[PDB]
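Participant: My structure is in data.pdb, and what it holds is PDB, C-alpha atoms:
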ATOM      1  CA  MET E   1       0.000   0.000   0.000  1.00  0.00           C
ATOM      2  CA  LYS E   2       1.027   3.629  -0.500  1.00  0.00           C
ATOM      3  CA  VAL E   3       1.705   5.786   2.584  1.00  0.00           C
ATOM      4  CA  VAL E   4       1.520   9.574   2.159  1.00  0.00           C
ATOM      5  CA  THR E   5       4.122  11.839   3.788  1.00  0.00           C
ATOM      6  CA  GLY E   6       3.880  15.409   2.531  1.00  0.00           C
ATOM      7  CA  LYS E   7       4.399  15.567  -1.218  1.00  0.00           C
ATOM      8  CA  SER E   8       5.683  11.979  -1.329  1.00  0.00           C
ATOM      9  CA  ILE E   9       4.239   8.492  -1.257  1.00  0.00           C
ATOM     10  CA  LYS E  10       6.095   5.351  -0.272  1.00  0.00           C
ATOM     11  CA  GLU E  11       5.210   1.693  -0.499  1.00  0.00           C
ATOM     12  CA  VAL E  12       4.732  -0.220   2.745  1.00  0.00           C
ATOM     13  CA  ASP E  13       4.005  -3.916   2.384  1.00  0.00           C
ATOM     14  CA  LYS E  14       1.947  -6.128   4.672  1.00  0.00           C
ATOM     15  CA  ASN E  15       4.949  -7.492   6.564  1.00  0.00           C
ATOM     16  CA  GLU E  16       6.082  -3.984   7.488  1.00  0.00           C
ATOM     17  CA  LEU E  17       2.528  -2.931   8.329  1.00  0.00           C
ATOM     18  CA  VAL E  18       2.131  -5.911  10.664  1.00  0.00           C
ATOM     19  CA  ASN E  19       5.188  -4.767  12.630  1.00  0.00           C
ATOM     20  CA  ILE E  20       3.470  -1.386  12.992  1.00  0.00           C
ATOM     21  CA  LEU E  21       0.000  -2.664  13.938  1.00  0.00           C
ATOM     22  CA  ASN E  22       1.431  -5.007  16.556  1.00  0.00           C
ATOM     23  CA  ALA E  23       2.922  -2.079  18.493  1.00  0.00           C
ATOM     24  CA  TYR E  24      -0.558  -0.765  19.386  1.00  0.00           C
ATOM     25  CA  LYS E  25      -3.408  -2.112  21.504  1.00  0.00           C
ATOM     26  CA  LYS E  26      -6.090  -0.405  19.360  1.00  0.00           C
ATOM     27  CA  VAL E  27      -6.206   0.435  15.652  1.00  0.00           C
ATOM     28  CA  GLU E  28      -8.693   2.919  14.201  1.00  0.00           C
ATOM     29  CA  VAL E  29      -9.336   3.484  10.487  1.00  0.00           C
ATOM     30  CA  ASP E  30     -10.789   6.892   9.548  1.00  0.00           C
ATOM     31  CA  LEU E  31     -12.585   7.486   6.236  1.00  0.00           C
ATOM     32  CA  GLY E  32     -13.983  10.737   4.915  1.00  0.00           C
ATOM     33  CA  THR E  33     -11.805  13.095   6.952  1.00  0.00           C
ATOM     34  CA  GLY E  34     -11.254  15.515   4.056  1.00  0.00           C
ATOM     35  CA  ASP E  35      -7.653  16.459   4.856  1.00  0.00           C
ATOM     36  CA  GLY E  36      -6.808  14.022   7.632  1.00  0.00           C
ATOM     37  CA  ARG E  37      -7.274  16.598  10.427  1.00  0.00           C
ATOM     38  CA  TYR E  38      -9.346  14.049  12.374  1.00  0.00           C
ATOM     39  CA  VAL E  39      -6.490  11.540  12.259  1.00  0.00           C
ATOM     40  CA  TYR E  40      -3.929  14.066  13.523  1.00  0.00           C
ATOM     41  CA  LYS E  41      -6.138  15.488  16.266  1.00  0.00           C
ATOM     42  CA  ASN E  42      -7.172  12.082  17.586  1.00  0.00           C
ATOM     43  CA  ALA E  43      -3.639  10.643  17.402  1.00  0.00           C
ATOM     44  CA  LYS E  44      -2.326  13.524  19.529  1.00  0.00           C
ATOM     45  CA  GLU E  45      -5.017  12.798  22.133  1.00  0.00           C
ATOM     46  CA  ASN E  46      -4.658   8.975  22.270  1.00  0.00           C
ATOM     47  CA  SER E  47      -1.024   7.869  22.035  1.00  0.00           C
ATOM     48  CA  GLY E  48      -2.031   4.222  22.588  1.00  0.00           C
ATOM     49  CA  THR E  49      -4.185   3.997  19.452  1.00  0.00           C
ATOM     50  CA  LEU E  50      -2.975   3.892  15.848  1.00  0.00           C
ATOM     51  CA  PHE E  51      -5.102   6.131  13.615  1.00  0.00           C
ATOM     52  CA  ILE E  52      -5.142   5.465   9.867  1.00  0.00           C
ATOM     53  CA  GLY E  53      -6.645   7.921   7.381  1.00  0.00           C
ATOM     54  CA  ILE E  54      -7.474   6.709   3.856  1.00  0.00           C
ATOM     55  CA  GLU E  55      -8.237   9.083   0.966  1.00  0.00           C
ATOM     56  CA  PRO E  56      -7.897   8.810  -2.836  1.00  0.00           C
ATOM     57  CA  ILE E  57      -6.143  12.072  -3.779  1.00  0.00           C
ATOM     58  CA  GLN E  58      -2.571  12.521  -2.569  1.00  0.00           C
ATOM     59  CA  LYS E  59      -2.941  16.286  -2.094  1.00  0.00           C
ATOM     60  CA  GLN E  60      -5.753  15.659   0.429  1.00  0.00           C
ATOM     61  CA  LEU E  61      -3.353  14.208   2.981  1.00  0.00           C
ATOM     62  CA  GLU E  62      -0.215  16.250   2.221  1.00  0.00           C
ATOM     63  CA  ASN E  63      -0.591  18.920   4.940  1.00  0.00           C
ATOM     64  CA  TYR E  64      -1.519  16.746   7.940  1.00  0.00           C
ATOM     65  CA  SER E  65       0.797  13.868   7.029  1.00  0.00           C
ATOM     66  CA  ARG E  66       3.657  16.383   6.944  1.00  0.00           C
ATOM     67  CA  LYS E  67       2.520  17.953  10.235  1.00  0.00           C
ATOM     68  CA  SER E  68       2.292  14.512  11.840  1.00  0.00           C
ATOM     69  CA  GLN E  69       5.786  13.558  10.707  1.00  0.00           C
ATOM     70  CA  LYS E  70       7.333  16.879  11.724  1.00  0.00           C
ATOM     71  CA  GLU E  71       5.612  16.852  15.123  1.00  0.00           C
ATOM     72  CA  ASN E  72       6.575  13.184  15.680  1.00  0.00           C
ATOM     73  CA  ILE E  73       2.915  12.096  15.866  1.00  0.00           C
ATOM     74  CA  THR E  74       3.945   8.535  15.087  1.00  0.00           C
ATOM     75  CA  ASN E  75       0.503   6.984  15.703  1.00  0.00           C
ATOM     76  CA  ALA E  76      -0.997   8.854  12.725  1.00  0.00           C
ATOM     77  CA  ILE E  77      -0.579   7.310   9.275  1.00  0.00           C
ATOM     78  CA  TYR E  78      -2.097   8.384   5.952  1.00  0.00           C
ATOM     79  CA  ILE E  79      -2.762   6.015   3.048  1.00  0.00           C
ATOM     80  CA  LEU E  80      -3.985   6.269  -0.535  1.00  0.00           C
ATOM     81  CA  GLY E  81      -7.225   4.383  -1.033  1.00  0.00           C
ATOM     82  CA  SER E  82     -10.876   4.379  -2.031  1.00  0.00           C
ATOM     83  CA  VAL E  83     -13.742   1.884  -2.218  1.00  0.00           C
ATOM     84  CA  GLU E  84     -12.614   0.887  -5.707  1.00  0.00           C
ATOM     85  CA  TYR E  85      -8.881   0.755  -4.816  1.00  0.00           C
ATOM     86  CA  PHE E  86      -8.844  -0.277  -1.219  1.00  0.00           C
ATOM     87  CA  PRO E  87      -5.604  -1.589   0.368  1.00  0.00           C
ATOM     88  CA  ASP E  88      -5.973  -5.323   1.074  1.00  0.00           C
ATOM     89  CA  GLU E  89      -3.370  -4.894   3.835  1.00  0.00           C
ATOM     90  CA  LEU E  90      -5.933  -3.069   5.985  1.00  0.00           C
ATOM     91  CA  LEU E  91      -8.770  -5.580   5.809  1.00  0.00           C
ATOM     92  CA  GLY E  92      -9.496  -7.142   9.182  1.00  0.00           C
ATOM     93  CA  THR E  93      -7.248  -4.699  11.072  1.00  0.00           C
ATOM     94  CA  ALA E  94      -9.528  -2.092  12.684  1.00  0.00           C
ATOM     95  CA  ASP E  95     -10.840  -2.137  16.235  1.00  0.00           C
ATOM     96  CA  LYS E  96     -12.800   0.972  15.238  1.00  0.00           C
ATOM     97  CA  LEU E  97     -13.876   2.306  11.841  1.00  0.00           C
ATOM     98  CA  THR E  98     -15.085   5.901  11.648  1.00  0.00           C
ATOM     99  CA  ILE E  99     -16.826   6.973   8.436  1.00  0.00           C
ATOM    100  CA  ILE E 100     -17.498  10.696   7.952  1.00  0.00           C
ATOM    101  CA  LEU E 101     -19.685  10.575   4.868  1.00  0.00           C
ATOM    102  CA  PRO E 102     -19.292  11.022   1.992  1.00  0.00           C
ATOM    103  CA  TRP E 103     -16.393   8.746   1.075  1.00  0.00           C
ATOM    104  CA  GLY E 104     -16.871   8.169  -2.633  1.00  0.00           C
ATOM    105  CA  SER E 105     -19.378   5.445  -3.441  1.00  0.00           C
ATOM    106  CA  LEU E 106     -19.502   4.112   0.138  1.00  0.00           C
ATOM    107  CA  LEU E 107     -23.107   4.052   1.416  1.00  0.00           C
ATOM    108  CA  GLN E 108     -23.909   6.445  -1.422  1.00  0.00           C
ATOM    109  CA  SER E 109     -27.576   5.453  -1.849  1.00  0.00           C
ATOM    110  CA  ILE E 110     -30.267   4.410   0.606  1.00  0.00           C
ATOM    111  CA  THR E 111     -32.607   3.205  -2.168  1.00  0.00           C
ATOM    112  CA  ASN E 112     -30.193   1.157  -4.330  1.00  0.00           C
ATOM    113  CA  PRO E 113     -27.245   0.254  -2.086  1.00  0.00           C
ATOM    114  CA  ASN E 114     -24.288  -1.532  -3.657  1.00  0.00           C
ATOM    115  CA  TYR E 115     -24.114  -4.242  -0.999  1.00  0.00           C
ATOM    116  CA  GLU E 116     -21.038  -5.822  -2.587  1.00  0.00           C
ATOM    117  CA  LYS E 117     -19.384  -2.402  -2.298  1.00  0.00           C
ATOM    118  CA  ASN E 118     -20.680  -1.654   1.201  1.00  0.00           C
ATOM    119  CA  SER E 119     -19.350  -5.013   2.494  1.00  0.00           C
ATOM    120  CA  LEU E 120     -16.024  -3.171   2.839  1.00  0.00           C
ATOM    121  CA  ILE E 121     -17.277  -1.819   6.177  1.00  0.00           C
ATOM    122  CA  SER E 122     -17.585  -5.171   7.917  1.00  0.00           C
ATOM    123  CA  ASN E 123     -14.410  -6.478   6.270  1.00  0.00           C
ATOM    124  CA  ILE E 124     -12.250  -3.619   7.543  1.00  0.00           C
ATOM    125  CA  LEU E 125     -13.437  -4.357  11.091  1.00  0.00           C
ATOM    126  CA  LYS E 126     -12.193  -7.002  13.482  1.00  0.00           C
ATOM    127  CA  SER E 127     -14.940  -9.326  14.708  1.00  0.00           C
ATOM    128  CA  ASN E 128     -15.649  -7.285  17.845  1.00  0.00           C
ATOM    129  CA  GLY E 129     -15.032  -3.933  16.156  1.00  0.00           C
ATOM    130  CA  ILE E 130     -17.115  -0.767  16.362  1.00  0.00           C
ATOM    131  CA  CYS E 131     -18.192   1.349  13.393  1.00  0.00           C
ATOM    132  CA  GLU E 132     -19.058   5.026  13.827  1.00  0.00           C
ATOM    133  CA  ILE E 133     -20.799   6.868  10.987  1.00  0.00           C
ATOM    134  CA  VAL E 134     -21.118  10.652  11.002  1.00  0.00           C
ATOM    135  CA  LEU E 135     -24.035  11.829   8.853  1.00  0.00           C
ATOM    136  CA  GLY E 136     -25.009  15.238   7.538  1.00  0.00           C
ATOM    137  CA  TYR E 137     -22.237  16.339   5.157  1.00  0.00           C
ATOM    138  CA  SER E 138     -23.464  14.538   2.005  1.00  0.00           C
ATOM    139  CA  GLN E 139     -25.359  16.572  -0.584  1.00  0.00           C
ATOM    140  CA  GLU E 140     -28.483  14.518   0.245  1.00  0.00           C
ATOM    141  CA  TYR E 141     -28.725  16.399   3.574  1.00  0.00           C
ATOM    142  CA  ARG E 148     -32.165  10.749   2.564  1.00  0.00           C
ATOM    143  CA  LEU E 149     -32.544   9.729   6.202  1.00  0.00           C
ATOM    144  CA  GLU E 150     -34.891  12.013   8.161  1.00  0.00           C
ATOM    145  CA  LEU E 151     -33.248  12.114  11.601  1.00  0.00           C
ATOM    146  CA  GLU E 152     -34.257  15.591  12.839  1.00  0.00           C
ATOM    147  CA  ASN E 153     -37.272  14.387  14.840  1.00  0.00           C
ATOM    148  CA  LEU E 154     -36.421  10.731  15.328  1.00  0.00           C
ATOM    149  CA  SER E 155     -39.306   8.503  16.394  1.00  0.00           C
ATOM    150  CA  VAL E 156     -39.215   4.860  17.437  1.00  0.00           C
ATOM    151  CA  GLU E 157     -41.280   3.927  14.360  1.00  0.00           C
ATOM    152  CA  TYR E 158     -38.852   5.536  11.916  1.00  0.00           C
ATOM    153  CA  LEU E 159     -35.888   4.131  13.845  1.00  0.00           C
ATOM    154  CA  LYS E 160     -37.251   0.572  13.803  1.00  0.00           C
ATOM    155  CA  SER E 161     -38.733   0.554  10.294  1.00  0.00           C
ATOM    156  CA  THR E 162     -36.190   2.619   8.361  1.00  0.00           C
ATOM    157  CA  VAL E 163     -32.938   3.451  10.137  1.00  0.00           C
ATOM    158  CA  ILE E 164     -32.064   0.090  11.686  1.00  0.00           C
ATOM    159  CA  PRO E 165     -32.940  -2.052   8.596  1.00  0.00           C
ATOM    160  CA  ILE E 166     -30.873   0.117   6.225  1.00  0.00           C
ATOM    161  CA  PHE E 167     -27.747  -0.636   8.237  1.00  0.00           C
ATOM    162  CA  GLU E 168     -28.512  -4.238   9.176  1.00  0.00           C
ATOM    163  CA  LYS E 169     -28.519  -4.874   5.418  1.00  0.00           C
ATOM    164  CA  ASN E 170     -24.812  -3.935   5.657  1.00  0.00           C
ATOM    165  CA  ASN E 171     -24.177  -6.242   8.667  1.00  0.00           C
ATOM    166  CA  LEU E 172     -24.242  -3.347  11.156  1.00  0.00           C
ATOM    167  CA  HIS E 173     -26.319  -3.430  14.334  1.00  0.00           C
ATOM    168  CA  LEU E 174     -27.087   0.037  15.701  1.00  0.00           C
ATOM    169  CA  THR E 175     -25.968   0.628  19.289  1.00  0.00           C
ATOM    170  CA  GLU E 176     -25.936   4.434  19.602  1.00  0.00           C
ATOM    171  CA  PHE E 177     -27.475   7.451  17.904  1.00  0.00           C
ATOM    172  CA  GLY E 178     -27.117  11.117  18.728  1.00  0.00           C
ATOM    173  CA  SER E 179     -26.397  14.657  17.660  1.00  0.00           C
ATOM    174  CA  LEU E 180     -22.878  15.966  17.174  1.00  0.00           C
ATOM    175  CA  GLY E 181     -21.813  18.912  19.328  1.00  0.00           C
ATOM    176  CA  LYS E 182     -19.180  21.571  18.723  1.00  0.00           C
ATOM    177  CA  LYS E 183     -16.820  19.665  21.028  1.00  0.00           C
ATOM    178  CA  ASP E 184     -17.114  16.730  18.594  1.00  0.00           C
ATOM    179  CA  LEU E 185     -16.845  18.883  15.450  1.00  0.00           C
ATOM    180  CA  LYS E 186     -13.441  20.240  16.469  1.00  0.00           C
ATOM    181  CA  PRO E 187     -11.481  17.108  15.461  1.00  0.00           C
ATOM    182  CA  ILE E 188     -13.296  16.989  12.105  1.00  0.00           C
ATOM    183  CA  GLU E 189     -13.431  20.672  11.047  1.00  0.00           C
ATOM    184  CA  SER E 190     -11.495  23.815  11.869  1.00  0.00           C
ATOM    185  CA  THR E 191     -13.707  26.131  13.915  1.00  0.00           C
ATOM    186  CA  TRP E 192     -12.364  29.339  12.409  1.00  0.00           C
ATOM    187  CA  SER E 193     -11.539  28.594   8.744  1.00  0.00           C
ATOM    188  CA  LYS E 194     -13.569  30.565   6.200  1.00  0.00           C
ATOM    189  CA  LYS E 195     -16.844  28.803   5.312  1.00  0.00           C
ATOM    190  CA  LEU E 196     -20.214  29.549   3.717  1.00  0.00           C
ATOM    191  CA  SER E 197     -22.779  31.147   6.036  1.00  0.00           C
ATOM    192  CA  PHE E 198     -26.301  29.779   6.439  1.00  0.00           C
ATOM    193  CA  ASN E 201     -30.430  23.941  10.727  1.00  0.00           C
ATOM    194  CA  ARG E 202     -27.236  22.180   9.560  1.00  0.00           C
ATOM    195  CA  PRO E 203     -27.370  19.291  12.088  1.00  0.00           C
ATOM    196  CA  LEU E 204     -24.815  16.503  12.210  1.00  0.00           C
ATOM    197  CA  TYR E 205     -25.428  13.026  13.604  1.00  0.00           C
ATOM    198  CA  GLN E 206     -23.265  10.250  15.022  1.00  0.00           C
ATOM    199  CA  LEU E 207     -24.318   6.600  14.777  1.00  0.00           C
ATOM    200  CA  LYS E 208     -22.411   3.676  16.296  1.00  0.00           C
ATOM    201  CA  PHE E 209     -22.708   0.026  15.337  1.00  0.00           C
ATOM    202  CA  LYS E 210     -21.295  -3.372  16.062  1.00  0.00           C
ATOM    203  CA  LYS E 211     -21.201  -6.304  13.677  1.00  0.00           C
ATOM    204  CA  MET E 212     -24.326  -8.395  13.409  1.00  0.00           C
TER
END
Just give me the structure as structure tokens.
Facilitator:
Amino acid sequence: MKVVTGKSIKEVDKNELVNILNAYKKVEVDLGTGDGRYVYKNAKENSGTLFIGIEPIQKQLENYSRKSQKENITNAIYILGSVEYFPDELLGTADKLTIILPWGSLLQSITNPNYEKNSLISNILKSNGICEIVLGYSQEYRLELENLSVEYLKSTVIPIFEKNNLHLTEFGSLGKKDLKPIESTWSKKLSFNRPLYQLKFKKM
């Protein structure tokens, strides 16, 4: 697989990756982070966990992979990948998988899901792994979560994800304390109720 460090990429094979994974008690794979900020911020806060960001365009991960290397944040690693070109080396490695949608074709449609494609989620995870999905960024925001009722939860939300081998364990709103790892608070953005949601699952 191809590891990003600034303007450069370098091949790391499975044998080398195994030596890296084995040094940590927890491994987390992070998809959809935009520029890898989430990987850097969480690595700095949890030195015992290895955080792995995967994005398809090398320039996406240039800034934070360089920051991580310069600041000796050795538990943050950044890898080229996508649904269509996913690194086999990372299958079965994650104690936690966090998906900040969108990430390409992953979970792209609620009405015609590519189940063969979405099976990546369970196959990244270890058997007792946890998946966290942050919803609200996709252009479709579709799931109507603003005024969640037990009927909609049981008849719509839970079945959509059980069809991808995910059993829902937690649902809730994101707060500004939780946005900070994902997004800069102060960077220039469009002005505009813009809610974001966090859903956690275990394997079925």
Participant: Care to translate the PyMOL selection byres ((chain E and resi 3) around 7) into actual residues of this file, as a ChimeraX atom specification?
Facilitator: /E:1-2,4-5,9-12,78-80
Participant: Could you take the residues named above and write them with C-alpha atoms, as a short mmCIF file (atom, residue, chain, number, x, y, z; two decimals), in the frame of the given file?
Facilitator:
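Done, and the output landed in out_38.cif:
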data_model
loop_
_atom_site.label_atom_id
_atom_site.label_comp_id
_atom_site.auth_asym_id
_atom_site.auth_seq_id
_atom_site.Cartn_x
_atom_site.Cartn_y
_atom_site.Cartn_z
CA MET E 1 0.00 0.00 0.00
CA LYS E 2 1.03 3.63 -0.50
CA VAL E 4 1.52 9.57 2.16
CA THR E 5 4.12 11.84 3.79
CA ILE E 9 4.24 8.49 -1.26
CA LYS E 10 6.10 5.35 -0.27
CA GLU E 11 5.21 1.69 -0.50
CA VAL E 12 4.73 -0.22 2.74
CA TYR E 78 -2.10 8.38 5.95
CA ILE E 79 -2.76 6.02 3.05
CA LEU E 80 -3.98 6.27 -0.54
#
Participant: To one decimal place, how far is atom CA of residue E:54 from atom CA of residue E:36 in Å?
Facilitator: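 That distance, rounded to one decimal, is 8.3 Å.
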Participant: Quick one, how far is atom CA of residue E:118 from atom CA of residue E:56?
Facilitator: 17.0 Å
Participant: If the PyMOL selection byres ((chain E and resi 133) around 8) is run on the structure shown, which residues does it catch, given as a PDB file with C-alpha atoms, in the frame of the given file?
Facilitator:
ATOM      1  CA  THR E  98     -15.085   5.901  11.648  1.00  0.00           C
ATOM      2  CA  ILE E  99     -16.826   6.973   8.436  1.00  0.00           C
ATOM      3  CA  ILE E 100     -17.498  10.696   7.952  1.00  0.00           C
ATOM      4  CA  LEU E 101     -19.685  10.575   4.868  1.00  0.00           C
ATOM      5  CA  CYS E 131     -18.192   1.349  13.393  1.00  0.00           C
ATOM      6  CA  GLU E 132     -19.058   5.026  13.827  1.00  0.00           C
ATOM      7  CA  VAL E 134     -21.118  10.652  11.002  1.00  0.00           C
ATOM      8  CA  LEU E 135     -24.035  11.829   8.853  1.00  0.00           C
ATOM      9  CA  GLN E 206     -23.265  10.250  15.022  1.00  0.00           C
ATOM     10  CA  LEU E 207     -24.318   6.600  14.777  1.00  0.00           C
ATOM     11  CA  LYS E 208     -22.411   3.676  16.296  1.00  0.00           C
TER      12      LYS E 208
END
Participant: When you count all atoms listed in the file, which of these residues is closest to residue E:43: E:122, E:109, E:187, E:178?
Facilitator: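 Among the listed residues, E:187 lies closest to residue E:43.
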Participant: What does the structure give for the distance between atom CA of residue E:77 and atom CA of residue E:15, in Å to one decimal?
Facilitator: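 About the pair atom CA of residue E:77 and atom CA of residue E:15: they are 16.0 Å apart.
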Participant: Please enumerate the residues selected by the PyMOL selection byres ((chain E and resi 37) around 9) when evaluated against the supplied file, formatted as a list in words.
Facilitator: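 That selection, the PyMOL selection byres ((chain E and resi 37) around 9), comes back as residues 33, 34, 35, 36, 38, 39, 40, 41, 42, 61, 63, 64, 187, 188, 189 and 190 of chain E.
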Participant: I'd like the neighbourhood of residue E:154 as a list in words, where a residue qualifies if any of its atoms comes within 12 Å (using all atoms listed in the file), though same-chain residues fewer than 3 positions away should be ignored.
Facilitator: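 Near neighbours after the sequence-gap exclusion: residues 149, 150, 151, 157, 158, 159, 160, 161, 162, 163, 177, 178, 179 and 205 of chain E.
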Participant: Give me the residues within 9 Å of residue E:128 as a PyMOL selection string, counting all atoms listed in the file and dropping any in the same chain fewer than 5 places off.
Facilitator: chain E and resi 95+210-211
Participant: I'd like the neighbourhood of residue E:28 as JSON, numbers by chain, where a residue qualifies if any of its atoms comes within 6 Å (using only C-alpha atoms), though same-chain residues fewer than 5 positions away should be ignored.
Facilitator: {"E": [51, 94, 95, 96, 97]}
Participant: So which one's closest to residue E:173, E:196, E:130, E:124, E:156? Using all atoms listed in the file, please.
Facilitator: E:130
Participant: Between E:167, E:65, E:85, E:13, which has the minimum distance to residue E:113 (counting all atoms listed in the file)?
Facilitator: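 Among the listed residues, E:167 lies closest to residue E:113.
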